[PDB]
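Next up is one chain by itself, shown in structure tokens, the form deposited in one PDB entry.
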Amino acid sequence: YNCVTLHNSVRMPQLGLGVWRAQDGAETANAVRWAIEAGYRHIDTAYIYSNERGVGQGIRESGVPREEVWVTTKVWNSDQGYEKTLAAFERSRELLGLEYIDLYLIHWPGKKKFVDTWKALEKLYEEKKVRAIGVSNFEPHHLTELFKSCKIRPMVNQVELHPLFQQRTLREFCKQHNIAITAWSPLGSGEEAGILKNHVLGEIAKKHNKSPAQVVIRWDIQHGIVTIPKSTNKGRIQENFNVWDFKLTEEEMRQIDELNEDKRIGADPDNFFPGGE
């Protein structure tokens, strides 16, 4: 299926499972296995989700060869700093049961330690322990600041992105510095869900005989954004993957784009750094 190319030529599958909010053990292992069974080849996790064991279990259970799957995980705020970050990588690696990790990200920028943390990601990349390195919830100013002090520039930035918060500024900033955007959103585990409940998505979903969530995912795909919808439900997990047998029209894309309100719904990167030390 579709892949997005990072600035080091590694190809990152465009659709993945978010396991954010999945309880460890069975819940995750099932979610991951079900995803892989359905065809997903990309799992997105994070130390702080406390479910790296379960992810590893799901992957081993699926029976799919390691190199055919992409695994992303992330260094938590409290493990920022060169040596601390290096150590959190190993704790994550051991917990996933993996010899290498495909992508490792800084989970939140913070203020004082992210340049230092990035130096550790560069090391892991030189040591061939990760295939790609990037950041999450970084804003252009963070990225501009990081650019002053790095040898390898970030390859991914995973941020809140959905039809009411379309991140146009950052998208252009990332187009211009060769960075792939990954979209997360406060959906899948059943939050307020205003994002999905509007006439534009409704009628596009109805026209194609799909759900509004399937539409948003497809909209992500056709904008070349990487998308990691989270769910622990076997059916929803399957539904989120059934997005390859239809195309949104150029007009349908402008219509969804028109929904932009720059309405952030999750936490603000400039003022959010729980666990910071």
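All residue numbers are counted from 1 along the displayed sequence. Basically, rigid core = biggest C-alpha set you can superpose within 1.5 Å across the two forms.
Keep in mind that the form deposited in another entry is not shown, yet the notes after this line are about it.
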Would you indicate which listed residue, out of 189, 144, 178, 169, moves its Cα by 2 Å or more between the shown form and the other one relative to the superposed core?
189
I want to verify one pair: residue 62 and residue 188. Are their C-alpha atoms nearer or more distant in the other form compared with the form I supplied, knowing the change is 3 Å or more?
farther
Tell me whether residue 23 and residue 188 end up closer or farther apart in the other form, going by their C-alpha atoms; the shift is 3 Å or more.
farther
